[PDB]
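Just below is one structure, and these are the notes that go with it.
The letters A, B, C, D, E, F, G, H and I name the chains in turn, as written, and every chain counts its residues from 1.
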Amino acid sequence: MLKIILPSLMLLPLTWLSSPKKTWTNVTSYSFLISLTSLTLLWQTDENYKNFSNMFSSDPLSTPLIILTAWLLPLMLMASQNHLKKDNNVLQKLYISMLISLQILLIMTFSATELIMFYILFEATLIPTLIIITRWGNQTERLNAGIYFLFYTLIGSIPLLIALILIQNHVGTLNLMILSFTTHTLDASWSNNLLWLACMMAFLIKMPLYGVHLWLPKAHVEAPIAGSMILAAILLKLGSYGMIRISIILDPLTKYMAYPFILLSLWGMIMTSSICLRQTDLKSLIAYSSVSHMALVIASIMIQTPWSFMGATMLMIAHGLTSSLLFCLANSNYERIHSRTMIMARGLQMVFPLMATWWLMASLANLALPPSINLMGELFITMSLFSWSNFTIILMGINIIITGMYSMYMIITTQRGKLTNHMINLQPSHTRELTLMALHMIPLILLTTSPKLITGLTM
Amino acid sequence: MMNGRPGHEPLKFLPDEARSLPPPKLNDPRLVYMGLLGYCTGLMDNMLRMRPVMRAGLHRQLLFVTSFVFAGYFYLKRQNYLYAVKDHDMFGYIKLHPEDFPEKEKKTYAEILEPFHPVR
Amino acid sequence: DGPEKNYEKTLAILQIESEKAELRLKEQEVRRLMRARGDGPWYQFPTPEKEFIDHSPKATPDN
Amino acid sequence: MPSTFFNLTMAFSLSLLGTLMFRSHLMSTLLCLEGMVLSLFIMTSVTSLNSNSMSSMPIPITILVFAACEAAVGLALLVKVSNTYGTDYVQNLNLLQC
Amino acid sequence: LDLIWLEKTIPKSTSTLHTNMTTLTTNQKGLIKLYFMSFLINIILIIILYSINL
Amino acid sequence: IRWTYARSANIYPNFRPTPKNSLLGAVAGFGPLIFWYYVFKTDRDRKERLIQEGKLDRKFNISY
Amino acid sequence: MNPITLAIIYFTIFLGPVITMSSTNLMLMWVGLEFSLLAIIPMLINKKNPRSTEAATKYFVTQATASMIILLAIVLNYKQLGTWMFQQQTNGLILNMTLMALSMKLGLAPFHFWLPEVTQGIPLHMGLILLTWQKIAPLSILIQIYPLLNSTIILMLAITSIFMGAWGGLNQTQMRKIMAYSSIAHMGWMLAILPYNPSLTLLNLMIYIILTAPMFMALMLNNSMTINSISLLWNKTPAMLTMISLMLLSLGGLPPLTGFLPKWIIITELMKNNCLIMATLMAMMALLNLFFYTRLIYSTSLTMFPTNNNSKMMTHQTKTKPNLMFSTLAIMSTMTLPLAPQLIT
Amino acid sequence: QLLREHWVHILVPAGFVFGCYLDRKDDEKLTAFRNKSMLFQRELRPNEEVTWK
Amino acid sequence: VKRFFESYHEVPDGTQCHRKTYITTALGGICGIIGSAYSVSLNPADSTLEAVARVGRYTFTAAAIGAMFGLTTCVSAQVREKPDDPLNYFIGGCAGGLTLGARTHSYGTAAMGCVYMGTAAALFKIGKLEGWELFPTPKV
């Protein structure tokens, strides 16, 4: 794991020592090489998990998240290159440093084998996202968005810290593999119910429920493109990863203690898809779509079926890729027009043909299309939920119908129709942003071609 | 909590029993990180005084790194002594009071009946 | 290298973590017993010193 | 001796109540402080004389020295307060609340 | 829901509670007579707590 | 711009709690949750009772 | 001033806590406390403004009353046992009076009301000297009587100090009052962990001191008094901003800054002693502390408040920042979390 | 120092080499149960020092 | 009064509702007296009559909160026959919060008091059920 962490650590001296005319080139190229290096722990021949160190470990669950983070860092650099062109060199290098530190801390978080170290790196990732959102956001409400994001996360995470220290004082180790082996059943008391709530609510805040979710649209609207990318593609999945990790020591009482959150997830995915239907902001629409998909992930992890876990992992990776792609496309239009109003730019398929192709493919990934890991994850989540109770299929069907409706509504209202001819400042395309869309979409095709990698722990 | 132990000479940084312990290898992550902190201290001092960040004050940066490594080495040796003597006192107390720390026999997974909770 | 290297490394890591957990529980029990009845090296609260008691004969015999 | 020590403890309690309950006069507060000091001196002297602790007999002299030092500092601060305002009123010195 | 009532329930109500409580806490005048009266009340409460718990 | 601002950032500054909207928010935020709670709870209790009494058989359900 | 009386006053300021922490007689601890108070008063009233006079008066009467209660406790102990130290079998009333009076010396709630008042209206270096150096001698006396303390009164004082400090720092806009309420909250944490581990309150005291020394140094550099005054720091000293933000986050207790370590280890020890309710409440109010720190960070670092015309002349001139003191303490107070087993003792 | 100028291109490769070295050092650090597992526990071969390095 | 607050728990819930209501009302009255003393010390009234009025108002408000809490908790334990259950204490704490809101004349204060005080009372019932040691003597 150190062979991946240390080059990413040395990215920062490269960033601060590179010439100002070569900084973006050097950091982007070496971060691509670091992702290529991070591809090496897919070499999983045996069923044994790759335990490199006494503190670092690999997993069929942790590996796709690490590879996605290492892949997404150069994509964030490419996306954030254009909107920092009229900026001080020190500020540009500081922004690149924030992105690189996010990548380092997230790789360490996913590869950490101890829950307390996972918590430390969890809040360590909480810091530079706040700095990015507040310092480089565009509108006034970035400060409110940062406050909401930070303190939703912290009020979630403090009972998680209390619960982790309780578990460490009880069993003596707080190591994931020792807990997984000598896990102990809980005697179903009110203290154990509160312990379950304390160790769940941090991750239930971090990936959005129907309740606490109000920080996500604010942060996504007010964040720059790299911040939206890192949030919607890694941090919600970080909450899901934490839930999958910590659910193993709560064996007997999850089967009744998970009831309110399953209902909250299903009805909330319906309501957030409805908001996507009647939403006037493109980034808000993508954010609420992310809430709906993560609600599906919450329901699968709560019902704790092998099909549910596999579908949860597939939906995690697929949703990260397609949400980053949608955010990048919306950011390209926003860099053209300097407004996120959805109804204002309408006939963009006329002037941007292949960007419209990327829009069409991104929306076909957003809805569940059967040659895609999106439909793979959503379909196996549906199968596990219907096994859990047959009446969940009604909520699933309503969610799928509204999902198709808001995705095709997005395509029709922002690409098709008569072109708003008054918008003179529609530059043709940047090879950079077309490359950005291609680097989002081609991994979706490859993971569709071989979905055994995205299958998680259970099979 | 360990200040009242027998043989505790007061305000002694490193007693002779610490001489029984292996010292840090002088290139271990604690001391390398201490040197890195000293280097970052020098760089931050240059940036705050509005000098070139690394081109200026090489003697200051050298003194910072050297002092951080020196103090970190001696403090690390003291902490190794403290942890070692804590483990020694704990093991001695265990050996002194065996009736309060029974060697509990665990049985195999063939007599214990763990309840099974199906996840239908 | 092969599956045996990762297998044995995992076994060594598990042994280290299990011994550390056992020692942490032992440390908790030892500290609790010592503070409950201070008889080991730890939690030795002080006491007025013997070496400042005057044992010389006094002006009054009844001392 | 226990009755007298109870009376001295109650005298200290009364002087403490006087110190805590202000009546418009920093000088009266300092007077209550020195009443507390006098009560402590009498308590220490009576205890040392009863226990024949001639080795601990310098303790009342030490507390008297440090008490007069603090009374000196309080009188100097009262002089500065009077130079600032001219009335020496604890309710008049109140402008640090904001 | 998402623009009125979840907002009114969790974050805005928490912020309103804490700003009301910080106004109530920092509503002090700079009168050391009042401060020492409060200190006397603290001493009385500590004495009563000792006499009750014992 | 005015339409977008009125639809987005003006609603909570111009929201006033009334008993009507309090009742509406309570029913719209809790009634579906309680309804689907009782639906799933009754269905799962019936399924668990059938499995425990043996009247429900999994014919070829191997992977759930 | 005058160098001779500067030497006398500063030596007595040093000598007070040294006598208190190195003396085994309660009387000599009390005369050390008296030394500290009487020596620090002329350093407080030095600018000879009405605010300085008021702050000196308030500080004097508060510390004099608290020291008189301390001396009452010492004399009552001497009456009961004949010794000059609370050995093991003293009266709980005597011990509770000692704790209450030392709490009023320290300045934690509900005895906290004078501390933002005194810290306001006093120059920044004297506020630093107060909020760091004056809190070691009463803490030394409290550590000396490590058992035989009332855990109930300790936990009540700790929880109310953390609550009131969080609320006060949330309300205040004056930087010195913000620092005073931060002091109240951190003293609440130290007092909370006091009866279970003296090492952890010593560690939290050291972390707090090395965290708020460079905060006061950075305030002292530009003589910044208010939130607006610290907000126009991007024009005055733009290199300060990252260290200011990191130290404010470390005071908030965010991982992976080393200010997370004292709260983390105190919560760990309280879990070991089964005080989950107190630990949870303390952690939530620490989140409130982090909120007012983060508002400060928004003002000074992550946004750029408007500046005025004369800051051009300020940029024309040259400055001076203390070597070996600011940068060293800032680095050791931000990036020393992986040395946590070495820091705990 | 014959090439000079853009010297910074060895920083990330140096970090990668050092990371591989640290992984090798951790493998040498663990070293327990070299052939002591119940699963493999094979003979040491006529010409072989250790099973894995 | 330590034996008084222990005599609160000498009988199980749903028994001696009058005794439990009286004990909780006394506890609330003590808390209101302490709070009123702090209020009239820190923020003085314009005259002694207003000070006495504020003390009486605060004491009666806290006594009403305690009385309604104890009464509703014991009534719930009576009407559904399971005393060791935290939902009775949650209902009672919500009733106490509603009493607070009625005294303060604010439905928002009523709702927030209901939620917070019900959570606190349920946590207290769980603590008394499963032996949570508030203010523990140092052991480790």
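Convention: a residue touches a chain if its C-beta (ideal position, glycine included) is under 8 Å from a C-beta of that chain, and two chains touch if they have at least 3 such contacts.
Heads up on the chains, UniProt names are A = NADH-ubiquinone oxidoreductase chain 4; B = NADH dehydrogenase [ubiquinone] 1 subunit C2; D = NADH-ubiquinone oxidoreductase chain 4L; G = NADH-ubiquinone oxidoreductase chain 2; H = NADH dehydrogenase [ubiquinone] 1 beta subcomplex subunit 1; I = NADH dehydrogenase [ubiquinone] 1 alpha subcomplex subunit 11.
**Q** Hop distance check: chain E to chain G, minimum number of steps through touching chains?
**A** Shortest path length, in steps: 1.
**Q** With chain centres set to the mean of the C-alpha atoms, which chain is at the far end from chain C?
**A** Here the answer is chain F, farthest from chain C.
**Q** Among the chains, which is located farthest from chain A on the basis of C-alpha centroids?
**A** Greatest centre separation from chain A goes to chain D.
**Q** When the centre of a chain is set as the mean of its C-alpha atoms, what distance in Å lies between chain C and chain I?
**A** Taking the average C-alpha coordinate of chain C and of chain I, the gap between them is 44 Å.
**Q** Measuring centre to centre with CA averages, how many angstrom lie between chain G and chain I?
**A** Here chain G and chain I have centroids separated by 35 Å.
**Q** Need the CA-centroid distance for the pair chain B / chain D, whole Å please.
**A** 49
**Q** Taking each chain's centre as the mean position of its Cα atoms, how many Å separate chain A from chain D?
**A** 67
**Q** Among all residues of chain I, which ones touch two or more of the remaining chains?
**A** Touching at least two other chains: 108, 132, 138-140.
**Q** Going by the contact rule already set, what residues in chain G reach two or more other chains?
**A** Residues 54, 57-58, 61, 65, 117, 147, 152, 156, 272, 276.
**Q** Which residues belonging to chain E are in contact with no fewer than two other chains?
**A** 1, 6-7, 28-30, 32, 36-39, 43, 53
**Q** If we count contacts the way the header does, which residues on chain A are in touch with chain C in the complex?
**A** The contact residues of chain A facing chain C are 45-46, 48-52, 54, 169, 171-173, 175, 177-178, 181.
**Q** Which residues of chain E touch chain G in the complex?
**A** 18-19, 21-23, 25-26, 28, 30, 32, 35-36, 38-39, 42-43, 46-47, 49-50, 53-54
**Q** For the complex, give me every residue of chain H touching chain C.
**A** 27, 30-34, 36-37, 39-40, 51-53
**Q** Flag every residue of chain A that touches chain H in the complex, lowest number first.
**A** Its residues touching chain H are 1-7, 9-11, 13-14, 17-19, 22, 26, 30, 33-34, 37, 52-54.
**Q** Which residues of chain E touch chain F once you look at their complex with the stated criterion?
**A** 1, 3-8, 12
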